[PDB]
>>> print(open('start08.txt').read())   # compact mmCIF, N, CA and C atoms and all ligand atoms
# COMPACT_ATOMS: atom_id res chain seq x y z
N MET D 388 43.44 189.55 267.36
CA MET D 388 43.66 188.12 267.17
C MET D 388 42.37 187.31 267.27
N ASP D 389 41.36 187.85 267.97
CA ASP D 389 40.11 187.12 268.16
C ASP D 389 39.48 186.74 266.84
N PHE D 390 39.71 187.52 265.77
CA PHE D 390 39.11 187.21 264.48
C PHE D 390 39.57 185.85 263.96
N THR D 391 40.72 185.35 264.43
CA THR D 391 41.10 184.00 263.98
C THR D 391 40.24 182.90 264.60
N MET D 392 39.43 183.19 265.62
CA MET D 392 38.74 182.15 266.38
C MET D 392 37.24 182.17 266.13
N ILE D 393 36.83 182.79 265.03
CA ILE D 393 35.44 182.76 264.57
C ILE D 393 35.43 182.59 263.07
N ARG D 394 34.39 181.91 262.57
CA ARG D 394 34.30 181.63 261.15
C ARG D 394 32.85 181.38 260.78
N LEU D 395 32.55 181.58 259.49
CA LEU D 395 31.23 181.35 258.92
C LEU D 395 31.33 180.24 257.91
N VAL D 396 30.52 179.20 258.09
CA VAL D 396 30.65 178.02 257.25
C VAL D 396 29.37 177.75 256.48
N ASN D 397 29.54 177.24 255.27
CA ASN D 397 28.45 176.74 254.44
C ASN D 397 27.47 177.83 254.00
N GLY D 398 27.96 179.06 253.86
CA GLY D 398 27.15 180.12 253.27
C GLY D 398 27.32 180.23 251.77
N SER D 399 26.63 181.22 251.17
CA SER D 399 26.80 181.46 249.73
C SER D 399 28.12 182.15 249.41
N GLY D 400 28.81 182.63 250.42
CA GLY D 400 30.07 183.31 250.32
C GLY D 400 30.64 183.48 251.72
N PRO D 401 31.86 184.02 251.84
CA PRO D 401 32.47 184.16 253.16
C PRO D 401 31.76 185.16 254.06
N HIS D 402 30.80 185.90 253.53
CA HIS D 402 30.05 186.87 254.30
C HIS D 402 28.89 186.24 255.07
N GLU D 403 28.67 184.94 254.93
CA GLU D 403 27.50 184.37 255.59
C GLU D 403 27.70 182.89 255.87
N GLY D 404 26.98 182.40 256.87
CA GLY D 404 26.99 180.99 257.14
C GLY D 404 26.70 180.68 258.60
N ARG D 405 26.88 179.39 258.93
CA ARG D 405 26.78 178.93 260.31
C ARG D 405 27.95 179.49 261.09
N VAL D 406 27.69 180.08 262.24
CA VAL D 406 28.76 180.63 263.09
C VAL D 406 29.47 179.51 263.84
N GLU D 407 30.78 179.47 263.74
CA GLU D 407 31.59 178.54 264.52
C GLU D 407 32.69 179.32 265.21
N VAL D 408 33.00 178.89 266.42
CA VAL D 408 34.04 179.53 267.23
C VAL D 408 35.03 178.47 267.67
N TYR D 409 36.25 178.92 267.92
CA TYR D 409 37.38 178.07 268.27
C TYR D 409 37.66 178.18 269.75
N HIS D 410 37.56 177.06 270.45
CA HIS D 410 37.77 177.02 271.89
C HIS D 410 38.33 175.65 272.24
N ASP D 411 39.28 175.63 273.16
CA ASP D 411 39.91 174.38 273.59
C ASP D 411 40.35 173.54 272.39
N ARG D 412 40.98 174.20 271.43
CA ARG D 412 41.62 173.54 270.30
C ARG D 412 40.61 172.87 269.36
N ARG D 413 39.34 173.30 269.39
CA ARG D 413 38.30 172.71 268.55
C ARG D 413 37.30 173.76 268.06
N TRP D 414 36.85 173.62 266.80
CA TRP D 414 35.74 174.44 266.33
C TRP D 414 34.43 173.87 266.84
N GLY D 415 33.57 174.75 267.31
CA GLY D 415 32.25 174.38 267.76
C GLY D 415 31.24 175.44 267.37
N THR D 416 29.98 175.14 267.63
CA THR D 416 28.92 175.99 267.12
C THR D 416 28.37 176.91 268.22
N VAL D 417 27.34 177.67 267.85
CA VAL D 417 26.74 178.69 268.70
C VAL D 417 25.24 178.42 268.71
N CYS D 418 24.64 178.27 269.90
CA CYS D 418 23.21 178.05 269.96
C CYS D 418 22.43 179.32 269.60
N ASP D 419 21.25 179.11 269.04
CA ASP D 419 20.40 180.22 268.60
C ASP D 419 19.56 180.85 269.69
N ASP D 420 19.69 180.42 270.96
CA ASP D 420 18.94 180.99 272.05
C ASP D 420 19.40 182.44 272.27
N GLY D 421 18.45 183.35 272.15
CA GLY D 421 18.82 184.74 272.31
C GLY D 421 19.73 185.26 271.22
N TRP D 422 19.84 184.55 270.09
CA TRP D 422 20.71 184.94 268.99
C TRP D 422 19.99 185.98 268.14
N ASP D 423 20.57 187.17 268.05
CA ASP D 423 19.93 188.32 267.46
C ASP D 423 20.95 189.19 266.73
N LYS D 424 20.43 190.26 266.12
CA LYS D 424 21.27 191.13 265.28
C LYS D 424 22.37 191.83 266.09
N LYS D 425 22.19 192.06 267.39
CA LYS D 425 23.29 192.61 268.17
C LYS D 425 24.48 191.65 268.18
N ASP D 426 24.21 190.36 268.40
CA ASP D 426 25.28 189.37 268.37
C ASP D 426 25.85 189.24 266.98
N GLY D 427 24.98 189.19 265.98
CA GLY D 427 25.46 189.02 264.62
C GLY D 427 26.31 190.19 264.15
N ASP D 428 25.96 191.40 264.58
CA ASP D 428 26.72 192.56 264.16
C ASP D 428 28.15 192.47 264.67
N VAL D 429 28.31 191.98 265.91
CA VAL D 429 29.64 191.80 266.51
C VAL D 429 30.45 190.78 265.72
N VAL D 430 29.83 189.65 265.39
CA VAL D 430 30.48 188.63 264.56
C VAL D 430 30.93 189.22 263.23
N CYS D 431 30.01 189.91 262.56
CA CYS D 431 30.30 190.43 261.23
C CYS D 431 31.46 191.42 261.26
N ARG D 432 31.47 192.31 262.24
CA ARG D 432 32.55 193.29 262.32
C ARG D 432 33.88 192.63 262.68
N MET D 433 33.85 191.59 263.52
CA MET D 433 35.06 190.82 263.82
C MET D 433 35.73 190.30 262.58
N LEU D 434 34.93 189.90 261.61
CA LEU D 434 35.40 189.30 260.38
C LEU D 434 35.65 190.30 259.27
N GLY D 435 35.49 191.59 259.54
CA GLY D 435 35.85 192.63 258.62
C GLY D 435 34.72 193.18 257.78
N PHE D 436 33.49 192.75 258.04
CA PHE D 436 32.33 193.26 257.33
C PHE D 436 31.81 194.50 258.03
N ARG D 437 30.99 195.24 257.33
CA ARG D 437 30.50 196.51 257.89
C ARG D 437 29.51 196.26 259.00
N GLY D 438 28.80 195.14 259.02
CA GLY D 438 27.80 194.91 260.03
C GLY D 438 26.94 193.74 259.60
N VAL D 439 25.85 193.52 260.36
CA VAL D 439 24.97 192.37 260.10
C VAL D 439 23.83 192.77 259.15
N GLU D 440 23.52 191.86 258.23
CA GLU D 440 22.35 191.98 257.38
C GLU D 440 21.17 191.32 258.09
N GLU D 441 21.33 190.06 258.49
CA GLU D 441 20.28 189.31 259.18
C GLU D 441 20.92 188.13 259.89
N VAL D 442 20.24 187.66 260.93
CA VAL D 442 20.64 186.45 261.63
C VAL D 442 19.56 185.40 261.43
N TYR D 443 19.94 184.15 261.62
CA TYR D 443 19.02 183.04 261.44
C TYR D 443 19.16 182.02 262.55
N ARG D 444 18.01 181.52 262.98
CA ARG D 444 17.91 180.47 263.96
C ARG D 444 17.75 179.12 263.26
N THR D 445 17.80 178.06 264.06
CA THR D 445 17.40 176.71 263.67
C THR D 445 18.15 176.20 262.43
N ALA D 446 19.48 176.33 262.49
CA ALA D 446 20.41 175.64 261.58
C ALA D 446 20.10 175.93 260.11
N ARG D 447 19.93 177.22 259.82
CA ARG D 447 19.61 177.68 258.47
C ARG D 447 20.65 177.24 257.45
N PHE D 448 21.93 177.20 257.85
CA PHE D 448 23.00 176.74 256.97
C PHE D 448 23.52 175.38 257.41
N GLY D 449 22.63 174.56 257.94
CA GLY D 449 22.96 173.20 258.28
C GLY D 449 23.42 173.07 259.72
N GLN D 450 23.35 171.84 260.20
CA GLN D 450 23.82 171.54 261.54
C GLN D 450 25.32 171.34 261.53
N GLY D 451 25.99 171.91 262.51
CA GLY D 451 27.35 171.57 262.77
C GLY D 451 27.44 170.24 263.47
N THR D 452 28.64 169.87 263.87
CA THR D 452 28.96 168.65 264.61
C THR D 452 29.89 169.07 265.73
N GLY D 453 30.14 168.16 266.60
CA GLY D 453 31.06 168.42 267.68
C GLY D 453 30.40 169.29 268.72
N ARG D 454 31.20 170.13 269.36
CA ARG D 454 30.72 170.86 270.51
C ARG D 454 29.86 172.02 270.07
N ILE D 455 28.87 172.34 270.92
CA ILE D 455 28.19 173.63 270.88
C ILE D 455 28.89 174.48 271.93
N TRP D 456 29.73 175.44 271.51
CA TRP D 456 30.57 176.11 272.49
C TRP D 456 29.87 177.25 273.22
N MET D 457 28.97 177.98 272.58
CA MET D 457 28.39 179.20 273.13
C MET D 457 26.87 179.12 273.09
N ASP D 458 26.27 179.58 274.16
CA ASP D 458 24.82 179.61 274.32
C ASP D 458 24.46 180.93 274.98
N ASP D 459 23.21 181.36 274.74
CA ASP D 459 22.64 182.57 275.36
C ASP D 459 23.54 183.80 275.18
N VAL D 460 23.98 184.00 273.95
CA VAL D 460 24.87 185.12 273.64
C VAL D 460 24.08 186.42 273.77
N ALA D 461 24.63 187.32 274.61
CA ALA D 461 23.96 188.56 274.99
C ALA D 461 24.88 189.75 274.74
N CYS D 462 25.29 189.91 273.49
CA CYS D 462 26.03 191.09 273.09
C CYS D 462 25.16 192.33 273.19
N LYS D 463 25.79 193.44 273.59
CA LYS D 463 25.13 194.74 273.49
C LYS D 463 24.99 195.17 272.04
N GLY D 464 25.90 194.72 271.19
CA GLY D 464 25.89 195.03 269.77
C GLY D 464 27.04 195.88 269.32
N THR D 465 27.81 196.47 270.26
CA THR D 465 28.90 197.34 269.95
C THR D 465 30.25 196.75 270.32
N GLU D 466 30.28 195.54 270.86
CA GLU D 466 31.54 194.91 271.23
C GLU D 466 32.45 194.72 270.02
N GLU D 467 33.75 194.76 270.28
CA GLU D 467 34.78 194.57 269.26
C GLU D 467 35.10 193.10 269.03
N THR D 468 34.61 192.23 269.90
CA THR D 468 34.81 190.79 269.80
C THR D 468 33.69 190.09 270.55
N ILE D 469 33.19 188.99 269.99
CA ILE D 469 32.13 188.25 270.66
C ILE D 469 32.61 187.68 272.00
N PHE D 470 33.89 187.52 272.18
CA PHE D 470 34.39 186.96 273.42
C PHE D 470 34.35 187.95 274.57
N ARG D 471 33.95 189.20 274.29
CA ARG D 471 33.63 190.15 275.35
C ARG D 471 32.15 190.38 275.54
N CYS D 472 31.31 189.69 274.78
CA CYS D 472 29.90 189.65 275.11
C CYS D 472 29.66 188.72 276.28
N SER D 473 28.54 188.93 276.94
CA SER D 473 28.06 187.98 277.93
C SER D 473 27.54 186.74 277.21
N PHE D 474 27.93 185.56 277.70
CA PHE D 474 27.38 184.31 277.18
C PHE D 474 27.59 183.21 278.22
N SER D 475 27.04 182.03 277.92
CA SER D 475 27.13 180.84 278.75
C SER D 475 28.57 180.45 279.11
N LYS D 476 28.68 179.58 280.10
CA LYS D 476 29.97 178.90 280.34
C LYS D 476 30.28 178.11 279.07
N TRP D 477 31.54 178.00 278.76
CA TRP D 477 31.98 177.35 277.53
C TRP D 477 31.46 175.92 277.47
N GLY D 478 30.72 175.58 276.44
CA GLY D 478 30.23 174.24 276.24
C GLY D 478 29.06 173.83 277.10
N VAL D 479 28.44 174.75 277.80
CA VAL D 479 27.32 174.48 278.69
C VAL D 479 26.09 175.09 278.03
N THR D 480 25.24 174.24 277.46
CA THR D 480 24.09 174.69 276.70
C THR D 480 22.90 173.77 276.98
N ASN D 481 21.70 174.30 276.75
CA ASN D 481 20.50 173.48 276.69
C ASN D 481 20.05 173.35 275.25
N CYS D 482 21.00 173.15 274.34
CA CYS D 482 20.73 173.12 272.91
C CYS D 482 21.21 171.84 272.24
N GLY D 483 20.66 171.60 271.05
CA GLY D 483 21.23 170.65 270.12
C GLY D 483 21.62 171.38 268.84
N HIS D 484 22.29 170.64 267.95
CA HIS D 484 22.78 171.26 266.73
C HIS D 484 21.65 171.70 265.81
N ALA D 485 20.42 171.22 266.04
CA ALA D 485 19.28 171.73 265.30
C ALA D 485 19.06 173.21 265.54
N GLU D 486 19.68 173.78 266.57
CA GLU D 486 19.55 175.18 266.97
C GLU D 486 20.79 176.00 266.61
N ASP D 487 21.67 175.48 265.77
CA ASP D 487 22.91 176.18 265.48
C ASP D 487 22.58 177.50 264.79
N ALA D 488 23.23 178.57 265.27
CA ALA D 488 23.03 179.93 264.79
C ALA D 488 23.86 180.28 263.57
N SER D 489 23.35 181.26 262.81
CA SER D 489 23.93 181.69 261.55
C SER D 489 23.77 183.20 261.39
N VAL D 490 24.49 183.74 260.41
CA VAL D 490 24.42 185.17 260.12
C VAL D 490 24.73 185.38 258.65
N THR D 491 24.15 186.44 258.09
CA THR D 491 24.55 187.01 256.81
C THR D 491 25.06 188.41 257.12
N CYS D 492 26.29 188.71 256.74
CA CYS D 492 26.87 190.02 256.94
C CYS D 492 26.67 190.92 255.72
N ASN D 493 26.60 192.22 256.00
CA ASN D 493 26.53 193.22 254.95
C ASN D 493 27.89 193.34 254.35
N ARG D 494 27.88 193.14 253.04
CA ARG D 494 29.03 192.97 252.20
C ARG D 494 28.62 193.49 250.83
N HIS D 495 27.71 192.79 250.13
CA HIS D 495 27.42 192.96 248.67
C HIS D 495 26.49 194.13 248.31
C1 LIG D 501 24.51 174.07 254.02
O1 LIG D 501 23.41 174.90 254.02
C2 LIG D 501 22.31 174.44 253.29
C3 LIG D 501 21.23 175.50 253.19
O2 LIG D 501 21.60 176.61 252.38
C4 LIG D 501 21.80 173.17 253.98
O3 LIG D 501 20.60 172.71 253.34
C5 LIG D 501 22.93 172.17 253.97
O4 LIG D 501 22.67 171.11 254.85
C6 LIG D 501 24.13 172.78 254.61
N1 LIG D 501 25.23 172.02 254.28
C7 LIG D 501 25.60 171.02 254.97
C8 LIG D 501 27.02 170.93 255.33
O5 LIG D 501 24.87 170.11 255.17
CA CA D 502 16.54 178.03 270.58
CA CA D 503 20.19 178.42 276.20
CA CA D 504 21.64 188.12 271.95
>>> encode(input="start08.txt", output="structure tokens")
Amino acid sequence: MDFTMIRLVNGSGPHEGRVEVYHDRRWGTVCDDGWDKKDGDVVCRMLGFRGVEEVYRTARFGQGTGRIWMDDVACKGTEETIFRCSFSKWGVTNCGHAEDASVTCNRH
């Protein structure tokens, strides 16, 4: 069910974009602090892709709005859901939306 609470927005296709997660009845973004291919691989597999192609820092697919829900995401890279990775307290970040994280998943 966790796959319903993550999404990729404003990419060239559904395989890529700004990462947004659903928490407390709202979509919010993910800070790029410590954002790396281990975290991206977890996101990509959650969404049904084979894995991560590349991750991007500094709002590569534009700034989100609203809450920044996750910061300092520290996935090992093999988790079945990003919500079992280590990360910040929900909504507690030292980030702005200029730091919103993104991913391109291996698909094409
Ligand atoms: C979407 O991403 C592009 C870069 O590919 C960015 O320039 C643009 O701001 C983003 N779109 C939004 C919603 O602004
Ligand atoms: Ca940063
Ligand atoms: Ca941080
Ligand atoms: Ca990380």
>>> closest_residue(input="start08.txt", among="D:391, D:475, D:481, D:397", to="residue 449 (chain D)", atoms="only N, CA and C atoms")
D:397
>>> residues_near_ligand(input="start08.txt", ligand="ligand CA 502 (chain D)", cutoff="8 Å", atoms="only N, CA and C atoms and all ligand atoms", output="list in words")
residues 418, 419, 420, 421, 422, 444, 445, 481, 482, 483, 485, 486 and 487 of chain D
>>> closest_atom_pairs(input="start08.txt", of="chain D", to="ligand CA 504 (chain D)", cutoff="9 Å", atoms="only C-alpha atoms and all ligand atoms", output="Markdown table")
| residue | atom | partner | partner_atom | distance |
| --- | --- | --- | --- | --- |
| D:419 | CA | D:CA504 | CA | 8.7 |
| D:420 | CA | D:CA504 | CA | 7.6 |
| D:421 | CA | D:CA504 | CA | 4.4 |
| D:422 | CA | D:CA504 | CA | 4.4 |
| D:423 | CA | D:CA504 | CA | 4.8 |
| D:424 | CA | D:CA504 | CA | 7.3 |
| D:425 | CA | D:CA504 | CA | 6.1 |
| D:426 | CA | D:CA504 | CA | 5.3 |
| D:427 | CA | D:CA504 | CA | 8.3 |
| D:459 | CA | D:CA504 | CA | 6.6 |
| D:460 | CA | D:CA504 | CA | 4.7 |
| D:461 | CA | D:CA504 | CA | 3.8 |
| D:462 | CA | D:CA504 | CA | 5.4 |
| D:463 | CA | D:CA504 | CA | 7.6 |
| D:464 | CA | D:CA504 | CA | 8.4 |
| D:472 | CA | D:CA504 | CA | 9.0 |
| D:473 | CA | D:CA504 | CA | 8.8 |
| D:474 | CA | D:CA504 | CA | 8.6 |
>>> residues_around(input="start08.txt", residues="residue 453 (chain D)", least_positions_apart="2", cutoff="7 Å", atoms="only C-alpha atoms", output="JSON, numbers by chain")
{"D": [415, 451, 455]}
>>> closest_residue(input="start08.txt", among="D:484, D:405, D:413, D:437", to="ligand LIG 501 (chain D)", atoms="all atoms listed in the file")
D:405
>>> residues_around(input="start08.txt", residues="residue 389 (chain D)", least_positions_apart="2", cutoff="7 Å", atoms="only N, CA and C atoms", output="list in words")
residues 391, 392, 393, 433 and 468 of chain D
>>> residues_near_ligand(input="start08.txt", ligand="ligand LIG 501 (chain D)", cutoff="7 Å", atoms="only N, CA and C atoms and all ligand atoms", output="list in words")
residues 396, 397, 398, 399, 446, 447, 448, 449 and 450 of chain D
>>> atom_distance(input="start08.txt", atom1="atom N of residue 480 (chain D)", atom2="CA of residue 439 (chain D)")
25.1 Å
>>> select_by_dssp(input="start08.txt", residues="chain D", states="strand (DSSP E)", output="PyMOL selection string")
chain D and resi 393-397+403-410+413-417+438-443+455-457+489-493
>>> write_last_selection(input="start08.txt", atoms="N, CA and C atoms", output="mmCIF file, keeping the file's coordinate frame")
data_model
loop_
_atom_site.group_PDB
_atom_site.id
_atom_site.type_symbol
_atom_site.label_atom_id
_atom_site.label_comp_id
_atom_site.auth_asym_id
_atom_site.auth_seq_id
_atom_site.Cartn_x
_atom_site.Cartn_y
_atom_site.Cartn_z
ATOM 1 N N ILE D 393 36.830 182.790 265.030
ATOM 2 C CA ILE D 393 35.440 182.760 264.570
ATOM 3 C C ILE D 393 35.430 182.590 263.070
ATOM 4 N N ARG D 394 34.390 181.910 262.570
ATOM 5 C CA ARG D 394 34.300 181.630 261.150
ATOM 6 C C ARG D 394 32.850 181.380 260.780
ATOM 7 N N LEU D 395 32.550 181.580 259.490
ATOM 8 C CA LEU D 395 31.230 181.350 258.920
ATOM 9 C C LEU D 395 31.330 180.240 257.910
ATOM 10 N N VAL D 396 30.520 179.200 258.090
ATOM 11 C CA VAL D 396 30.650 178.020 257.250
ATOM 12 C C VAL D 396 29.370 177.750 256.480
ATOM 13 N N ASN D 397 29.540 177.240 255.270
ATOM 14 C CA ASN D 397 28.450 176.740 254.440
ATOM 15 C C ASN D 397 27.470 177.830 254.000
ATOM 16 N N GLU D 403 28.670 184.940 254.930
ATOM 17 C CA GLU D 403 27.500 184.370 255.590
ATOM 18 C C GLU D 403 27.700 182.890 255.870
ATOM 19 N N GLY D 404 26.980 182.400 256.870
ATOM 20 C CA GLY D 404 26.990 180.990 257.140
ATOM 21 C C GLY D 404 26.700 180.680 258.600
ATOM 22 N N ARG D 405 26.880 179.390 258.930
ATOM 23 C CA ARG D 405 26.780 178.930 260.310
ATOM 24 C C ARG D 405 27.950 179.490 261.090
ATOM 25 N N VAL D 406 27.690 180.080 262.240
ATOM 26 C CA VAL D 406 28.760 180.630 263.090
ATOM 27 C C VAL D 406 29.470 179.510 263.840
ATOM 28 N N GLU D 407 30.780 179.470 263.740
ATOM 29 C CA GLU D 407 31.590 178.540 264.520
ATOM 30 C C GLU D 407 32.690 179.320 265.210
ATOM 31 N N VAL D 408 33.000 178.890 266.420
ATOM 32 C CA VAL D 408 34.040 179.530 267.230
ATOM 33 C C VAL D 408 35.030 178.470 267.670
ATOM 34 N N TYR D 409 36.250 178.920 267.920
ATOM 35 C CA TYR D 409 37.380 178.070 268.270
ATOM 36 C C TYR D 409 37.660 178.180 269.750
ATOM 37 N N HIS D 410 37.560 177.060 270.450
ATOM 38 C CA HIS D 410 37.770 177.020 271.890
ATOM 39 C C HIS D 410 38.330 175.650 272.240
ATOM 40 N N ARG D 413 39.340 173.300 269.390
ATOM 41 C CA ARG D 413 38.300 172.710 268.550
ATOM 42 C C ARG D 413 37.300 173.760 268.060
ATOM 43 N N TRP D 414 36.850 173.620 266.800
ATOM 44 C CA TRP D 414 35.740 174.440 266.330
ATOM 45 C C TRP D 414 34.430 173.870 266.840
ATOM 46 N N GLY D 415 33.570 174.750 267.310
ATOM 47 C CA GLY D 415 32.250 174.380 267.760
ATOM 48 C C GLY D 415 31.240 175.440 267.370
ATOM 49 N N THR D 416 29.980 175.140 267.630
ATOM 50 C CA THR D 416 28.920 175.990 267.120
ATOM 51 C C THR D 416 28.370 176.910 268.220
ATOM 52 N N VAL D 417 27.340 177.670 267.850
ATOM 53 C CA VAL D 417 26.740 178.690 268.700
ATOM 54 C C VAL D 417 25.240 178.420 268.710
ATOM 55 N N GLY D 438 28.800 195.140 259.020
ATOM 56 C CA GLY D 438 27.800 194.910 260.030
ATOM 57 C C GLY D 438 26.940 193.740 259.600
ATOM 58 N N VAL D 439 25.850 193.520 260.360
ATOM 59 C CA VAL D 439 24.970 192.370 260.100
ATOM 60 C C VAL D 439 23.830 192.770 259.150
ATOM 61 N N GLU D 440 23.520 191.860 258.230
ATOM 62 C CA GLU D 440 22.350 191.980 257.380
ATOM 63 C C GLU D 440 21.170 191.320 258.090
ATOM 64 N N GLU D 441 21.330 190.060 258.490
ATOM 65 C CA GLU D 441 20.280 189.310 259.180
ATOM 66 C C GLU D 441 20.920 188.130 259.890
ATOM 67 N N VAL D 442 20.240 187.660 260.930
ATOM 68 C CA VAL D 442 20.640 186.450 261.630
ATOM 69 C C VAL D 442 19.560 185.400 261.430
ATOM 70 N N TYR D 443 19.940 184.150 261.620
ATOM 71 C CA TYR D 443 19.020 183.040 261.440
ATOM 72 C C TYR D 443 19.160 182.020 262.550
ATOM 73 N N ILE D 455 28.870 172.340 270.920
ATOM 74 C CA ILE D 455 28.190 173.630 270.880
ATOM 75 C C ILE D 455 28.890 174.480 271.930
ATOM 76 N N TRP D 456 29.730 175.440 271.510
ATOM 77 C CA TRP D 456 30.570 176.110 272.490
ATOM 78 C C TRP D 456 29.870 177.250 273.220
ATOM 79 N N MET D 457 28.970 177.980 272.580
ATOM 80 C CA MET D 457 28.390 179.200 273.130
ATOM 81 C C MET D 457 26.870 179.120 273.090
ATOM 82 N N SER D 489 23.350 181.260 262.810
ATOM 83 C CA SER D 489 23.930 181.690 261.550
ATOM 84 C C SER D 489 23.770 183.200 261.390
ATOM 85 N N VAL D 490 24.490 183.740 260.410
ATOM 86 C CA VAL D 490 24.420 185.170 260.120
ATOM 87 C C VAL D 490 24.730 185.380 258.650
ATOM 88 N N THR D 491 24.150 186.440 258.090
ATOM 89 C CA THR D 491 24.550 187.010 256.810
ATOM 90 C C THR D 491 25.060 188.410 257.120
ATOM 91 N N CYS D 492 26.290 188.710 256.740
ATOM 92 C CA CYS D 492 26.870 190.020 256.940
ATOM 93 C C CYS D 492 26.670 190.920 255.720
ATOM 94 N N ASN D 493 26.600 192.220 256.000
ATOM 95 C CA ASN D 493 26.530 193.220 254.950
ATOM 96 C C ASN D 493 27.890 193.340 254.350
#
>>> closest_residue(input="start08.txt", among="D:436, D:470, D:477, D:456", to="residue 403 (chain D)", atoms="only C-alpha atoms")
D:436
>>> atom_distance(input="start08.txt", atom1="CA of residue 409 (chain D)", atom2="atom C of residue 390 (chain D)")
9.2 Å
>>> residues_around(input="start08.txt", residues="residue 394 (chain D)", least_positions_apart="3", cutoff="6 Å", atoms="all atoms listed in the file", output="PyMOL selection string")
chain D and resi 405-408
>>> closest_residue(input="start08.txt", among="D:435, D:410, D:458, D:492", to="ligand CA 503 (chain D)", atoms="only C-alpha atoms and all ligand atoms")
D:458
>>> closest_residue(input="start08.txt", among="D:488, D:434, D:442, D:429", to="residue 471 (chain D)", atoms="only C-alpha atoms")
D:429
>>> atom_distance(input="start08.txt", atom1="CA of residue 469 (chain D)", atom2="atom C of residue 428 (chain D)")
8.3 Å
>>> select_by_dssp(input="start08.txt", residues="chain D", states="helix (DSSP H, G or I)", output="ChimeraX atom specification")
/D:389-392,424-433,469-471,484-486
>>> closest_residue(input="start08.txt", among="D:412, D:400, D:466, D:479", to="ligand CA 503 (chain D)", atoms="all atoms listed in the file")
D:479
>>> build_atoms(input="start08.txt", residues="region 481-492 of chain D", atoms="N, CA, C and O atoms", output="CSV table (one decimal), in the coordinates of the input")
chain,number,residue,atom,x,y,z
D,481,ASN,N,21.7,174.3,276.8
D,481,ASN,CA,20.5,173.5,276.7
D,481,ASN,C,20.0,173.4,275.2
D,481,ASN,O,18.9,173.4,275.0
D,482,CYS,N,21.0,173.2,274.3
D,482,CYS,CA,20.7,173.1,272.9
D,482,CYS,C,21.2,171.8,272.2
D,482,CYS,O,22.1,171.1,272.8
D,483,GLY,N,20.7,171.6,271.0
D,483,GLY,CA,21.2,170.6,270.1
D,483,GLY,C,21.6,171.4,268.8
D,483,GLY,O,21.3,172.6,268.7
D,484,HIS,N,22.3,170.6,268.0
D,484,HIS,CA,22.8,171.3,266.7
D,484,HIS,C,21.6,171.7,265.8
D,484,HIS,O,21.9,172.5,264.9
D,485,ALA,N,20.4,171.2,266.0
D,485,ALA,CA,19.3,171.7,265.3
D,485,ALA,C,19.1,173.2,265.5
D,485,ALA,O,18.3,173.8,264.8
D,486,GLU,N,19.7,173.8,266.6
D,486,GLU,CA,19.6,175.2,267.0
D,486,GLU,C,20.8,176.0,266.6
D,486,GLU,O,20.9,177.1,267.1
D,487,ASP,N,21.7,175.5,265.8
D,487,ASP,CA,22.9,176.2,265.5
D,487,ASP,C,22.6,177.5,264.8
D,487,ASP,O,21.7,177.6,263.9
D,488,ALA,N,23.2,178.6,265.3
D,488,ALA,CA,23.0,179.9,264.8
D,488,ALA,C,23.9,180.3,263.6
D,488,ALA,O,24.9,179.7,263.3
D,489,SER,N,23.4,181.3,262.8
D,489,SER,CA,23.9,181.7,261.6
D,489,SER,C,23.8,183.2,261.4
D,489,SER,O,23.0,183.9,262.1
D,490,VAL,N,24.5,183.7,260.4
D,490,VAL,CA,24.4,185.2,260.1
D,490,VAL,C,24.7,185.4,258.6
D,490,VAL,O,25.5,184.6,258.0
D,491,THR,N,24.2,186.4,258.1
D,491,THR,CA,24.6,187.0,256.8
D,491,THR,C,25.1,188.4,257.1
D,491,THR,O,24.4,189.2,257.7
D,492,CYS,N,26.3,188.7,256.7
D,492,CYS,CA,26.9,190.0,256.9
D,492,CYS,C,26.7,190.9,255.7
D,492,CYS,O,26.6,190.5,254.6
